[PDB]
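Heads up: the sequence shown runs through residues 2 to 271, 279 to 295, numbered per the deposited numbering.
Ideal placement from N, C-alpha and C gives every residue a C-beta, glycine not left out.
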Amino acid sequence: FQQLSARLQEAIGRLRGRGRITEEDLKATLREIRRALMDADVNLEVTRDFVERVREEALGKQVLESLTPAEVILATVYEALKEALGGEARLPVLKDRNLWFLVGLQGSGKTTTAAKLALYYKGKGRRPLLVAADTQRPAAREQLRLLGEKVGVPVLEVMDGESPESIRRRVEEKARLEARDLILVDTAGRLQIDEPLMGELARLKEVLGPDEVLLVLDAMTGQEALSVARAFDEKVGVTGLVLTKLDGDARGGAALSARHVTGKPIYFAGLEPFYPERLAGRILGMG
Ligand SMILES: [Mg+2]
């Protein structure tokens, strides 16, 4: 998160080699951190809580008596970033059979993520089945067919206007014949959220009964990504998130605000498992 990393590092760096710092020195730093977070598109309330968390913790660490307050602030900011990011790494719970939905807008990288996820679990010994569930657009189904072909994972393409009941029947049949134990359903991706889309997704959910509903989000959209996350959760109901294009995000607002705003864990980063602790370190220039 380029710009956030630099600002945070410069802020902590300013207190380096000054001996003990004053009360206003601390407040100044806290103000630099707050401004750094707002610019990174971190939610207003999340930013507010972050700065207070660092204040309370640092004071608890006797920061004003410290001869190396910069180290105390460093550790405190690291801890706050780690927690904001999710705290500890989390992954979906696999069982005998699993059917998960991959939901998100067109452009979130939902379809490529579906294939990437299948390859990831195949490597762990699972037998995935990709399901191209867009009942209106053949091109979207073809894209996943091609992707599955490349990653060596089977793809079931629904037909135009196929009912949720027919989709369930065919999916169940293929899974039985091919001993598939992880079904990844790539739902319809559209440029914007419209009620008809959400209604079909909600219906498809009632019929297929997925164990997990993964919302794929383009990290580069910032807070907007969480607005989308709220909508999808209210209309369909999500269980976890996948943030793509993290390398392009010089900010980090979405990743840093997700837990607080949505209450949903970030399972994967666009692809490998999401590691809060590892990213908190990289943000501070140590990763
Ligand atoms: Mg219902």
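Using CA atoms only, rank isn't needed, just tell me which of the options is closest to residue i.
i: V262; options: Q10, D234, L279 and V55; result: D234
i: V94; options: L287, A256 and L215; result: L215
i: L38; options: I22, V156 and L9; result: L9
i: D212; options: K96, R252, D161 and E46; result: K96
i: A226; options: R260, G149 and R177; result: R260
i: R91; options: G295, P284 and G289; result: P284
i: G223; options: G162, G249 and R204; result: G249
i: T69; options: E89, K125, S109 and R19; result: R19
i: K117; options: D42, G293, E280 and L106; result: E280
i: residue 1; options: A255, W101, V78 and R231; result: Outside the modelled stretch of the chain, which goes from 2 to 295, sits residue 1, for which no answer is possible.
i: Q107; options: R204, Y122, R252 and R191; result: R191
i: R138; options: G162, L120 and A41; result: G162
i: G14; options: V47, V73, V55 and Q193; result: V73
Could you please give the first and the last residue of the uninterrupted alpha helix (DSSP H) stretch that includes residue i?
i: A232; result: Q224 to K236
i: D50; result: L45 to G61
i: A12; result: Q3 to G14
i: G200; result: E196 to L209
i: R17; result: No alpha helix (DSSP H) holds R17; DSSP gives it neither H nor E.
i: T23; result: From DSSP, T23 is part of no alpha helix (DSSP H); its letter is neither H nor E.
i: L257; result: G254 to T263
Go to residue i, then tell me how far its beta strand (DSSP E) extends in each direction, as first and last residue.
i: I267; result: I267 to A270
i: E158; result: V156 to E158
i: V186; result: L183 to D187
i: residue 276; result: Any structural detail on residue 276 is unavailable, because the chain resumes at 279 straight after 271.
i: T245; result: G241 to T245
Return yes when the C-beta of residue i is under 8 Å from any heavy atom of ligand 3, and no when it is not.
i: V214; result: Inclusion of ligand 3 in the displayed structure is not the case, the ligand content consisting of ligand 1 alone.
| query | Quick check: the region 230-247 against the region 17-34, are there 3 or more CB pairs under 8 Å? | reply | No: the two stretches stay apart, fewer than three of their Cβ pairs being nearer than 8 Å.
Original post:
Three or more beta-carbon pairs under 8 Å between the region 79-87 and the region 180-195, yes or no?
Top reply: no
Whole runs of the beta strand (DSSP E) within the region 71-142, excluding any shorter than 3 residues: 99-104 and 129-133
Worksheet entry | Quiz: which residues have CB nearer than 6 Å to ligand 1 non-hydrogen atoms | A203 and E207
### Query
If we count Cβ pairs, one from each stretch, closer than 8 Å, do we get three or more for the region 122-135 versus the region 168-185?
Between the region 122-135 and the region 168-185, the count of C-beta pairs closer than 8 Å reaches three or more; the two stretches touch.
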